[PDB]
Amino acid sequence: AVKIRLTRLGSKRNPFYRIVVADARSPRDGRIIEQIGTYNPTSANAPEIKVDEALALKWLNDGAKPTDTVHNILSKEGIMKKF
Amino acid sequence: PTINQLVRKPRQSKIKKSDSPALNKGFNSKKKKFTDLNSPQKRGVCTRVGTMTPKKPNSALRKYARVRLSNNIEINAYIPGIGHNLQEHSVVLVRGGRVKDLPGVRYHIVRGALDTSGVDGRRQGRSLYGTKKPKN
Amino acid sequence: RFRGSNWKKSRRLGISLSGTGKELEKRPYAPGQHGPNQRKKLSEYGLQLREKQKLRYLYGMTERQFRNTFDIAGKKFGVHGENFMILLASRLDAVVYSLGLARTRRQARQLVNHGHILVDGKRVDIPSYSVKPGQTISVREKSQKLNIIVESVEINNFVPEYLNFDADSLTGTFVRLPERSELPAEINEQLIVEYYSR
Amino acid sequence: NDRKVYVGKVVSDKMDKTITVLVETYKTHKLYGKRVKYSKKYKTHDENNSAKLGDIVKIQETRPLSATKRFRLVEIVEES
RNA sequence: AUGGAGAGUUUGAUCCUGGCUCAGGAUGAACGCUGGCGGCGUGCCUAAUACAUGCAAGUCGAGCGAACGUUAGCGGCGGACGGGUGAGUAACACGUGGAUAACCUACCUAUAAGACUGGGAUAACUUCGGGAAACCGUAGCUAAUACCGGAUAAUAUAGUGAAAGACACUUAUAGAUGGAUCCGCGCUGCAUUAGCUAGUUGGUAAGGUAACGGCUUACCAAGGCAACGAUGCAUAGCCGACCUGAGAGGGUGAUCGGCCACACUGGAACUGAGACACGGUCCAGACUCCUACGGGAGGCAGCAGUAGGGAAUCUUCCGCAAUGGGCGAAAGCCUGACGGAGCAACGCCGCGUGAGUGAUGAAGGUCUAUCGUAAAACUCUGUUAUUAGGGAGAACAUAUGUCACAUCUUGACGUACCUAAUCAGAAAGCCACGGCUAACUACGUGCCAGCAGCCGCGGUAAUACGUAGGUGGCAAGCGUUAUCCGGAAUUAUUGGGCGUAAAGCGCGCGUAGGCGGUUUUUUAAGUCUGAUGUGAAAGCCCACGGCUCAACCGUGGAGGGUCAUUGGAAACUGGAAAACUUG
């Protein structure tokens, strides 16, 4: 069981977020070990999508699939369908 | 000043006791034992008025207050000012600590404080023994 | 701005220090309750509180709101004493306060009521800004200037460096934060921002 | 990730290998800084051998295979 | 290492001191005052109180027994639930590395053994029934990818279950989940508690937990201890947080908890894809209680609200729409998880309630020129206020055609930025009122009331007081409330006296050990310091970028702090051979 998470310290003024691999039975906020970065889904702050998910995209054959309406961010990419 | 016996045997700090030990406290009845609180705010409900005469350092005359706090013990006060509240049986906002020149009393009154307003002969103070709505 | 009435303040502060004043239609010597008596002598704390008599009337450099950039750039460059006197007048309310468009001391802060709104930035009808390298108080959004602010386009020329009025906006903001010279004369440094740290 | 060479000396023993080895180390306190040396006791065991009257040895941190004892190692210095 | 200037303290006096009151604030900091409005945020911190109730993870199937997948509850779920915390333990409960010669497993993802053969029972329709109800009795049931023979299923080196819509079943097996079987340092005080517990020392059991084994038991000897804290033993979370130091970090860890003690009570036959279970399941208790008194079993450590205790201690305004858990081949839910907020001027800010001002300007309020560049009566800003259209973000979806994925599918607050012409829609009132803590003079006052942050004042000029026009700080702010910080150098880890403040041995005696000759030393551990491991951090010794700047988010070059390798310098506390001698 794995889901996406995010960090929280202090700003917004544009819908922001982050990329991580937290637990399934939990809220949007979660603990992150290998910090990959964050994400800006406000269509205005383009200089904030510096997410280097290197251990988050390795769940393809481990245990992962687009869920919770988050396939839009993975729609631009295509590092899946390897089986 | 030698450090061997210093972890064998330690030292102390100074020796001091804090201010108003029978204050900052709210006495139980359910579990019968006091609370160590240091509360900002508190009440005062009256048992007598009280006054002792022999005053050397001032050598004028002015009385004080004998107001009991919770549930059977002697608690004593004083009214520092030129205002005489010829009153009792009140419910107030405590002032914590003693003003200069009265031993053993550590409990007082804020201006206004839900019981009365204050000695209304004051209008220049605007911040002493009862003074509200004062033109600045 | 004012917070009271002022012009008795010849013997309270020095003067507002960046104008002509309303000092001497009378006996301007005795500061208060001394009319038949001697002068006021010297101290450091009497000196210190004289300093801040000529800080809180000089500008709207109110306490608990101004020392802050002094301690903020106490991690930035130089013993912050004169940094402060150039950290309380390196604003667009100061790069435009010597610009000479005011006739009340409040009208360099009120240069933008409906005067100078958008200095390369968003319309801001305020006293102050964050006057970084080349930071003005420049032309209005749907207007340009008013008849209480543009009525003094160059009401006094030679307004300081980094206040180089390219007019019909009535402000100049040449380069950066200002070298504290072109500001109060008899003021000091270790008696501006070395009195405050205690 | 291997298992250390913990060592020490011996004090006493009881019936059929109630064995032990002493434990000690060089270190100090965080407060008043003196090089005072310090120790605590351990629990190894043998058939009956590693025991009192001279057993300067080594010990281990492994699976004890023991009651509350913990060690399997004896790597010696000498005997008496 | 962005390095430590506090008010006054001695007798009568320079002088070595002596710490106090005390400072400023910072506190989930507010109480009378004062109550232009707000960006955003938190408030049973009074009582982890007794209860106006319910409240809460929930519904369903081209795979299945009612009707024109409705109407089941089999099956799946749930049940250990979100949330509530810091009532209860000195404990591996807690932050990090970690032997696994102490561990494994379906939920995230692909699957894979195949999909063969089976019987037939149970919920509902209840089928039949006593009786305040509803509690209970007869009792075939009708099915189910199921209650369910049997083949080999894998660890004999010889273990069984699968009953797929359509052009979805059960297994050999897995990556994984909370964890952890556990290792380690994490892991506080009480010397008014040492002659040490009988298991103290540890080997030896039929046993068994995914887990070695004094863990109950298996066999025998204790001096195992030993004056070193055996043991008792009192609060009993830790850890990103906050005021903060120069730095060591040093403390409180409450908004903010990522981990754990905890749901009336003692349990509890149970159980689970995860157990003794906050609206479960039973039987002992004392509670406001409901009941033809079948006897009901419930308590908001989960939103409210009631009698409250109350320094303040809040909206039962709304209901899924910001995430789908679960049910479902599907269209769909419940949100009470998360949301929508009277807003307390509690945080402080975004700034707005007067202007071009004005000749000194009056009818003068401490003083008798002072705050008077007081005033008027003229003008200037939208920004408070008459309206208005108000659509800030953003992408949702089998059949549309053939897990990258999508249209004929996303406006309660959805109206914000509200320039907007804009009148003049005041920013309460400040303390002591001298000098320090920063303050200005006096009539009242004749010791009658009485001033007073350490210092400190009225007896006939309170440069203090009653009161009166304000200069030092101020305008959403006046006096007070009390907590540790550098300051307090009144901890002394950096920064501790000996004859004398407030301080030295009755000493012949003297265990443990702190210390403990000269030189070479055998050591090759360690320090010298370091190749390496260079395993992530949001942010670090830094800075910056989104943002009407402030409430709310982010690149991480500082390697994550001997962490995955032990070092070469014997100059030495360190496996430790001696010699020197006059000490």
# chains A, B, ... in the order shown; residues from 1 in each chain; ligands from 1
>>> interface_residues(of="chain E", to="chain B", cutoff="7 Å", atoms="only C-alpha atoms (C1' of nucleotides)", output="list in words")
residues 31, 32, 33, 311, 429, 447, 450, 466, 467, 479, 481, 490, 491, 496 and 514 of chain E
>>> residues_around(residues="stretch 35-47 of chain D", least_positions_apart="4", cutoff="9 Å", atoms="only C-alpha atoms (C1' of nucleotides)", output="NGL selection string")
(:B and (4)) or (:D and (16-29 or 51 or 59-60 or 64 or 66 or 68-74)) or (:E and (202-203 or 514 or 573))
>>> residues_around(residues="residue D:32", least_positions_apart="4", cutoff="7 Å", atoms="only C-alpha atoms (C1' of nucleotides)", output="PyMOL selection string")
(chain B and resi 3+6-7) or (chain E and resi 493)
>>> interface_residues(of="chain C", to="chain E", cutoff="7 Å", atoms="only C-alpha atoms (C1' of nucleotides)", output="ChimeraX atom specification")
/C:7,22,25,32-33,49,75,113-114
>>> closest_atom_pairs(of="chain E", to="chain D", cutoff="9 Å", atoms="only C-alpha atoms (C1' of nucleotides)", output="CSV")
residue,atom,partner,partner_atom,distance
E:98,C1',D:1,CA,8.5
E:99,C1',D:62,CA,5.6
E:100,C1',D:63,CA,8.9
E:101,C1',D:63,CA,6.0
E:102,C1',D:63,CA,6.3
E:183,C1',D:61,CA,7.9
E:201,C1',D:18,CA,5.8
E:202,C1',D:18,CA,3.3
E:203,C1',D:17,CA,4.9
E:204,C1',D:16,CA,8.3
E:212,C1',D:65,CA,5.2
E:213,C1',D:67,CA,5.1
E:214,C1',D:67,CA,5.7
E:215,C1',D:67,CA,8.7
E:220,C1',D:15,CA,7.0
E:221,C1',D:15,CA,4.7
E:222,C1',D:14,CA,6.4
E:224,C1',D:13,CA,7.0
E:493,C1',D:31,CA,6.2
E:514,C1',D:36,CA,7.6
E:564,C1',D:1,CA,7.8
E:573,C1',D:35,CA,8.2
E:575,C1',D:77,CA,7.9
>>> atom_distance(atom1="atom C1' of residue E:233", atom2="atom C1' of residue E:190")
6.8 Å
